[PDB]
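This report refers to the structure that appears directly beneath it.
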Amino acid sequence: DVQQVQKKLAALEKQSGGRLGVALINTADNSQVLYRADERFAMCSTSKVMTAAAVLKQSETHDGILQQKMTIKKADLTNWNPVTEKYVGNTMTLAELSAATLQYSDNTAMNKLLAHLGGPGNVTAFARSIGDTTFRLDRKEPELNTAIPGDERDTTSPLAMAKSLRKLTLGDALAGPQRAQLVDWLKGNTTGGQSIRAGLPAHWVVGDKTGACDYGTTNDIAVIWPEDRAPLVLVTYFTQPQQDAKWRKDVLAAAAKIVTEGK
Ligand SMILES: C[As](C)(=O)[O-]
């Protein structure tokens, strides 16, 4: 029931030692389950969804732009280049870059997209264009990972990101072809196994983008299809008091189990 969900989330937060942010949107009736849903949390890598979506939006006008190439140079590399490191001295299309940053959370791929787009400010501009006035991307990787308490840079709220993810994957923020590609990329993510997914029934279909940064900030945003029922959009953000706190993916899994029970 709705009161036991609240009691349980509060208990989970107390047990975690950190600050928990949750926003679930049930598209069946647009009902919502909220917990610190209007509070700001550092987005970490979950901001990569808005970024890849900004590129997809461009492809709606500029035909074939997803195939535009960008050179990958040693100097472009960062602290995380699972895919990009294989293309040094070669090129990658915006599509390949989008796929790498979304499914492997490649930081270099992210920066290449930011460069193409003209900077973090233009990603924020795209968020605004889909009705998100909370989201704000201020820096590139890996600086956007500082997650300093009280610092609003590179942050957003659970509800704002939930609403945006919904518009992007199920709503009309993107055109049909672009929308389908984003959904497919999210479903093909390889980094969310121990997060939101871990707290859901194994047969449910899911698309998600994880995030993890300083202050033990552990995040994950997803679109969930429970069997043949209407899709669910869930955002689970979590951050801790210690700058060097270890990540708690298990906390996101627990939050997911709690808010999707009986859905
Ligand atoms: C590769 As990462 C920890 O910024 O999602």
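Count residues from 1 along the sequence. FYI, side chains are in, hydrogens and waters are out, and symmetry mates aren't considered; it's all heavy atoms of this structure. One-based numbering, in listed order, for ligands and for the atoms of each.
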*Would you say ligand 1 has an N or O under 3.5 Å from any N or O of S105?*
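Between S105 and ligand 1 (N or O atoms, distance only) the closest approach is under 3.5 Å.
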*asked:* Just checking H203: does its NE2 atom have more than 12 heavy atoms from other residues, nucleotides or ligands closer to it than 6.0 angstrom?
replied: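 Above 12, so yes.
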*For atom CD of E261, is the number of surrounding heavy atoms from other residues, nucleotides or ligands below 6.0 Å larger than 12?*
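No, not enclosed.
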*Does the distance from a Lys or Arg side-chain N to an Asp or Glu carboxylate O, for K167 and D172, drop under 4.0 Å?*
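No, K167 and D172 are not salt-bridged.
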Using a strict 4.0 Å cut-off to heavy atoms of [X], name the atoms of ligand 1 that fall inside it.
X	value
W80	1 (C)
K48	4 (O)
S45	2 (As), 4 (O), 5 (O)
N107	4 (O)

_Ring of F238, cation from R19 - is the NZ or CZ under 6.0 Å from the centre and inside 45° of the axis?_
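No, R19 and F238 do not form such a contact.
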*Kindly indicate whether a cation-pi arrangement holds for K209 with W185, taking the cut-offs as under 6.0 Å to the six-membered ring centre and within 45° of the axis.*
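Relative to the ring axis of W185, which defines the angle, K209 lies outside at least one limit.
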*Identify the closest protein heavy atom to atom 3 (C) of ligand 1: which residue and atom is it, and at what distance?*
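Here the nearest protein heavy atom works out to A212 O, 3.4 Å.
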*Is the closest side-chain donor-acceptor distance between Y237 and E39 under 3.5 Å?*
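The criterion, which ignores hydrogens and geometry beyond distance, is not satisfied for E39 and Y237.
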*asked:* Looking at ligand 1, is there an atom of it that comes within less than 4.0 Å of some heavy atom belonging to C44?
replied: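 No, that is not the case, since the closest heavy atom of the residue is not under 4.0 Å from the ligand.
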